[PDB]
Amino acid sequence: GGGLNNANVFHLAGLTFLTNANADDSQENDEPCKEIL
Amino acid sequence: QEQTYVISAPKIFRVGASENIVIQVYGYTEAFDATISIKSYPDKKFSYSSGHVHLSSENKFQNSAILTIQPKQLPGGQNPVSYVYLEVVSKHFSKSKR
Amino acid sequence: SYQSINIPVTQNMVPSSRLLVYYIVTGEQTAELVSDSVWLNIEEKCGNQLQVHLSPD
Amino acid sequence: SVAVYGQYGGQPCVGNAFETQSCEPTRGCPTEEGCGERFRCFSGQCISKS
């Protein structure tokens, strides 16, 4: 959980969003994620 | 920028899945409807699925649409469809995202 | 104070779940989407809980 | 409209050309689309984050 940013919080949660609230996650592209839990 | 919305969706739509798409809007106080739809990309020509959701004070302006991209409706053939438009439309806003 | 998330953990959660929490606050004239999430570790409880045993022992 | 424009020092039309009513709208007020990835100026204009 957690995240660097609101868009990063959504992206790491495995979500995406539409908003007009001055955020988008199209900047949030990343390598495949291999953290272990 | 008082009147704002969030539509939250799975990062990726699984074909044949039912994707529960939830919309929240803030600062509205009059009830209004929105439709959330999945439309073919880039042409927006074919509506694979659409959901009509009522946003109002007893909803607390929060609702969700159960949208499903039925697999045989995608064109298929030599190229798989890699993208689709999630779109919302209301009295107050419209946005679509690939 | 704000209400807790009191919802019961459901059988559709049993492998794992993720809680995300968000609000938009629009102070001044500018909105910020504010959000957090946590990993939720849920018991591997089977839905049907099939169990098999031999009658003699 | 001004049916007949005042000419040669004829008295101009007096009062407002417009009047306004309170009314129940059929339309929603279109929202701002926020700046997304771009930096948002306090006015609400958007500029490159660079």
# chains A, B, ... in the order shown; residues from 1 in each chain; ligands from 1
call {"tool": "interface_residues", "arguments": {"of": "chain D", "to": "chain A", "cutoff": "7 Å", "atoms": "only C-alpha atoms", "output": "PyMOL selection string"}}
result
chain D and resi 32-37
call {"tool": "write_last_selection", "arguments": {"atoms": "C-alpha atoms", "output": "mmCIF file, in the first residue's frame"}}
result
data_model
loop_
_atom_site.group_PDB
_atom_site.id
_atom_site.type_symbol
_atom_site.label_atom_id
_atom_site.label_comp_id
_atom_site.auth_asym_id
_atom_site.auth_seq_id
_atom_site.Cartn_x
_atom_site.Cartn_y
_atom_site.Cartn_z
ATOM 1 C CA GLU D 32 -13.399 22.923 -15.375
ATOM 2 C CA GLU D 33 -11.271 20.062 -16.609
ATOM 3 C CA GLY D 34 -8.327 20.422 -14.239
ATOM 4 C CA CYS D 35 -4.728 20.629 -15.380
ATOM 5 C CA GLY D 36 -4.103 16.892 -15.073
ATOM 6 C CA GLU D 37 -0.350 16.324 -15.237
#
call {"tool": "residues_around", "arguments": {"residues": "residue 93 in chain B", "least_positions_apart": "3", "cutoff": "7 Å", "atoms": "only C-alpha atoms", "output": "short mmCIF file (atom, residue, chain, number, x, y, z; two decimals) with N, CA and C atoms, in the first residue's frame"}}
result
data_model
loop_
_atom_site.label_atom_id
_atom_site.label_comp_id
_atom_site.auth_asym_id
_atom_site.auth_seq_id
_atom_site.Cartn_x
_atom_site.Cartn_y
_atom_site.Cartn_z
N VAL B 89 -20.56 10.68 -19.06
CA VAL B 89 -21.31 11.82 -19.57
C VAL B 89 -22.35 12.23 -18.54
N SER B 90 -22.47 13.54 -18.30
CA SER B 90 -23.52 14.05 -17.43
C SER B 90 -23.91 15.45 -17.89
N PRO D 30 -21.11 23.44 -17.04
CA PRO D 30 -19.89 22.66 -17.33
C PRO D 30 -18.76 22.97 -16.36
N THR D 31 -18.18 21.91 -15.79
CA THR D 31 -17.02 22.04 -14.92
C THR D 31 -15.75 22.37 -15.70
#
call {"tool": "interface_residues", "arguments": {"of": "chain B", "to": "chain C", "cutoff": "12 Å", "atoms": "only C-alpha atoms", "output": "VMD selection string"}}
result
chain B and resid 1 to 8 24 to 27
call {"tool": "write_last_selection", "arguments": {"atoms": "N, CA, C and O atoms", "output": "mmCIF file, in the first residue's frame"}}
result
data_model
loop_
_atom_site.group_PDB
_atom_site.id
_atom_site.type_symbol
_atom_site.label_atom_id
_atom_site.label_comp_id
_atom_site.auth_asym_id
_atom_site.auth_seq_id
_atom_site.Cartn_x
_atom_site.Cartn_y
_atom_site.Cartn_z
ATOM 1 N N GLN B 1 -13.319 25.777 -9.007
ATOM 2 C CA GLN B 1 -13.166 24.297 -9.117
ATOM 3 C C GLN B 1 -13.780 23.590 -7.922
ATOM 4 O O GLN B 1 -13.174 22.694 -7.341
ATOM 5 N N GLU B 2 -14.992 23.999 -7.561
ATOM 6 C CA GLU B 2 -15.708 23.336 -6.480
ATOM 7 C C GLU B 2 -16.364 22.055 -6.969
ATOM 8 O O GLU B 2 -16.323 21.028 -6.283
ATOM 9 N N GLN B 3 -16.974 22.102 -8.148
ATOM 10 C CA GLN B 3 -17.676 20.960 -8.720
ATOM 11 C C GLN B 3 -16.660 20.028 -9.367
ATOM 12 O O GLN B 3 -16.038 20.382 -10.373
ATOM 13 N N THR B 4 -16.481 18.839 -8.792
ATOM 14 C CA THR B 4 -15.456 17.907 -9.241
ATOM 15 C C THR B 4 -15.985 16.484 -9.145
ATOM 16 O O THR B 4 -16.974 16.211 -8.463
ATOM 17 N N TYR B 5 -15.304 15.576 -9.841
ATOM 18 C CA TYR B 5 -15.707 14.180 -9.914
ATOM 19 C C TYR B 5 -14.476 13.293 -9.839
ATOM 20 O O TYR B 5 -13.387 13.680 -10.265
ATOM 21 N N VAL B 6 -14.661 12.097 -9.284
ATOM 22 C CA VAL B 6 -13.749 10.978 -9.484
ATOM 23 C C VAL B 6 -14.552 9.790 -9.984
ATOM 24 O O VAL B 6 -15.548 9.406 -9.364
ATOM 25 N N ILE B 7 -14.119 9.210 -11.098
ATOM 26 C CA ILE B 7 -14.540 7.879 -11.513
ATOM 27 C C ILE B 7 -13.342 6.959 -11.351
ATOM 28 O O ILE B 7 -12.285 7.199 -11.945
ATOM 29 N N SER B 8 -13.503 5.911 -10.550
ATOM 30 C CA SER B 8 -12.420 4.995 -10.225
ATOM 31 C C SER B 8 -12.690 3.638 -10.856
ATOM 32 O O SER B 8 -13.789 3.093 -10.719
ATOM 33 N N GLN B 24 -17.768 9.206 -7.835
ATOM 34 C CA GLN B 24 -18.085 10.195 -6.809
ATOM 35 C C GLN B 24 -17.959 11.608 -7.366
ATOM 36 O O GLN B 24 -16.970 11.921 -8.033
ATOM 37 N N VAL B 25 -18.958 12.455 -7.104
ATOM 38 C CA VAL B 25 -18.888 13.872 -7.448
ATOM 39 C C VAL B 25 -19.053 14.715 -6.188
ATOM 40 O O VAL B 25 -19.831 14.373 -5.292
ATOM 41 N N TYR B 26 -18.312 15.823 -6.132
ATOM 42 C CA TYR B 26 -18.271 16.748 -5.002
ATOM 43 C C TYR B 26 -18.714 18.166 -5.344
ATOM 44 O O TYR B 26 -18.455 18.668 -6.440
ATOM 45 N N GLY B 27 -19.390 18.795 -4.379
ATOM 46 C CA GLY B 27 -20.003 20.103 -4.506
ATOM 47 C C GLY B 27 -21.322 20.205 -5.235
ATOM 48 O O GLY B 27 -21.987 21.239 -5.115
#
call {"tool": "atom_distance", "arguments": {"atom1": "CA of residue 49 in chain B", "atom2": "CA of residue 70 in chain B"}}
result
8.3 Å
call {"tool": "residues_around", "arguments": {"residues": "residue 28 in chain A", "least_positions_apart": "3", "cutoff": "12 Å", "atoms": "only C-alpha atoms", "output": "list in words"}}
result
residues 3, 4, 5, 6, 7, 8, 9, 10, 11, 12, 14, 15, 16, 17, 23, 24, 25 and 31 of chain A; 11 of chain B; 37 of chain D
call {"tool": "write_last_selection", "arguments": {"atoms": "N, CA, C and O atoms", "output": "short mmCIF file (atom, residue, chain, number, x, y, z; two decimals), in the first residue's frame"}}
result
data_model
loop_
_atom_site.label_atom_id
_atom_site.label_comp_id
_atom_site.auth_asym_id
_atom_site.auth_seq_id
_atom_site.Cartn_x
_atom_site.Cartn_y
_atom_site.Cartn_z
N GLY A 3 1.73 5.19 -1.23
CA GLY A 3 2.14 5.64 -2.55
C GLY A 3 2.83 6.98 -2.48
O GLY A 3 2.71 7.71 -1.49
N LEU A 4 3.56 7.28 -3.55
CA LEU A 4 4.35 8.50 -3.62
C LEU A 4 3.47 9.74 -3.73
O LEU A 4 3.93 10.84 -3.42
N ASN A 5 2.23 9.57 -4.18
CA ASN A 5 1.40 10.65 -4.68
C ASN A 5 0.00 10.08 -4.83
O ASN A 5 -0.18 8.86 -4.82
N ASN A 6 -0.99 10.96 -4.98
CA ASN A 6 -2.36 10.47 -5.16
C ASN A 6 -2.47 9.56 -6.38
O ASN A 6 -3.02 8.46 -6.30
N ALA A 7 -1.94 10.00 -7.52
CA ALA A 7 -1.95 9.15 -8.70
C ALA A 7 -1.14 7.89 -8.46
O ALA A 7 -1.52 6.81 -8.91
N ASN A 8 -0.03 8.00 -7.74
CA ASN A 8 0.78 6.83 -7.42
C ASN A 8 0.07 5.91 -6.44
O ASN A 8 0.17 4.69 -6.54
N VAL A 9 -0.65 6.48 -5.47
CA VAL A 9 -1.45 5.66 -4.56
C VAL A 9 -2.49 4.86 -5.33
O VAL A 9 -2.66 3.65 -5.11
N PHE A 10 -3.21 5.50 -6.25
CA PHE A 10 -4.17 4.77 -7.07
C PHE A 10 -3.49 3.72 -7.95
O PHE A 10 -3.96 2.58 -8.03
N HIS A 11 -2.39 4.08 -8.60
CA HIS A 11 -1.73 3.15 -9.51
C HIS A 11 -1.20 1.92 -8.78
O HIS A 11 -1.42 0.79 -9.22
N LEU A 12 -0.51 2.12 -7.66
CA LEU A 12 -0.04 0.99 -6.86
C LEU A 12 -1.18 0.20 -6.23
O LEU A 12 -1.00 -0.99 -5.93
N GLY A 14 -3.58 -0.62 -7.98
CA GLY A 14 -4.12 -1.32 -9.12
C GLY A 14 -5.37 -0.69 -9.69
O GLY A 14 -6.13 -1.36 -10.38
N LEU A 15 -5.59 0.59 -9.40
CA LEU A 15 -6.69 1.36 -9.96
C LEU A 15 -6.17 2.40 -10.94
O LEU A 15 -4.97 2.68 -11.03
N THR A 16 -7.11 2.99 -11.67
CA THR A 16 -6.91 4.26 -12.34
C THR A 16 -8.18 5.07 -12.16
O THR A 16 -9.21 4.55 -11.74
N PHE A 17 -8.10 6.36 -12.49
CA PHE A 17 -9.22 7.25 -12.23
C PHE A 17 -9.35 8.29 -13.33
O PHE A 17 -8.37 8.68 -13.97
N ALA A 23 -5.34 15.95 -11.12
CA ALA A 23 -4.49 14.77 -11.04
C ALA A 23 -4.73 13.89 -12.25
O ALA A 23 -5.87 13.79 -12.73
N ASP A 24 -3.67 13.26 -12.74
CA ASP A 24 -3.82 12.11 -13.62
C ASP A 24 -2.63 11.18 -13.45
O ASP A 24 -1.53 11.61 -13.11
N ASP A 25 -2.87 9.88 -13.67
CA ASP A 25 -1.87 8.84 -13.48
C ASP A 25 -1.19 8.40 -14.78
O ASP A 25 -0.46 7.41 -14.77
N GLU A 31 7.94 -0.06 -14.49
CA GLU A 31 8.32 -1.46 -14.66
C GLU A 31 7.36 -2.39 -13.93
O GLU A 31 6.75 -2.01 -12.92
N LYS B 11 -7.33 -0.82 -13.10
CA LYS B 11 -6.28 -0.30 -13.97
C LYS B 11 -6.40 -0.86 -15.38
O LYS B 11 -6.06 -0.18 -16.35
N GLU D 37 -1.78 16.39 -15.54
CA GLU D 37 -0.35 16.32 -15.24
C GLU D 37 0.29 17.70 -15.15
O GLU D 37 1.28 17.88 -14.44
#
call {"tool": "closest_atom_pairs", "arguments": {"of": "chain D", "to": "chain C", "cutoff": "9 Å", "atoms": "only C-alpha atoms", "output": "CSV"}}
result
residue,atom,partner,partner_atom,distance
D:34,CA,C:31,CA,8.5
D:40,CA,C:30,CA,8.7
D:42,CA,C:30,CA,7.7
D:43,CA,C:29,CA,8.5
D:44,CA,C:30,CA,7.8
call {"tool": "write_last_selection", "arguments": {"atoms": "C-alpha atoms", "output": "PDB file, in the first residue's frame"}}
result
ATOM      1  CA  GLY D  34      -8.327  20.422 -14.239  1.00  0.00           C
ATOM      2  CA  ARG D  40      -2.042  24.569 -12.325  1.00  0.00           C
ATOM      3  CA  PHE D  42      -3.680  29.865  -9.165  1.00  0.00           C
ATOM      4  CA  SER D  43      -5.940  31.448 -11.789  1.00  0.00           C
ATOM      5  CA  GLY D  44      -6.581  27.919 -13.059  1.00  0.00           C
TER       6      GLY D  44
END
call {"tool": "closest_residue", "arguments": {"among": "B:66, B:38, B:31, B:84", "to": "chain D", "atoms": "only C-alpha atoms"}}
result
B:31
call {"tool": "closest_residue", "arguments": {"among": "C:53, C:2, C:44, C:34", "to": "residue 20 in chain C", "atoms": "only C-alpha atoms"}}
result
C:34
call {"tool": "select_by_dssp", "arguments": {"residues": "chain A", "states": "alpha helix (DSSP H)", "output": "list in words"}}
result
residues 6, 7, 8, 9, 10, 11 and 12 of chain A
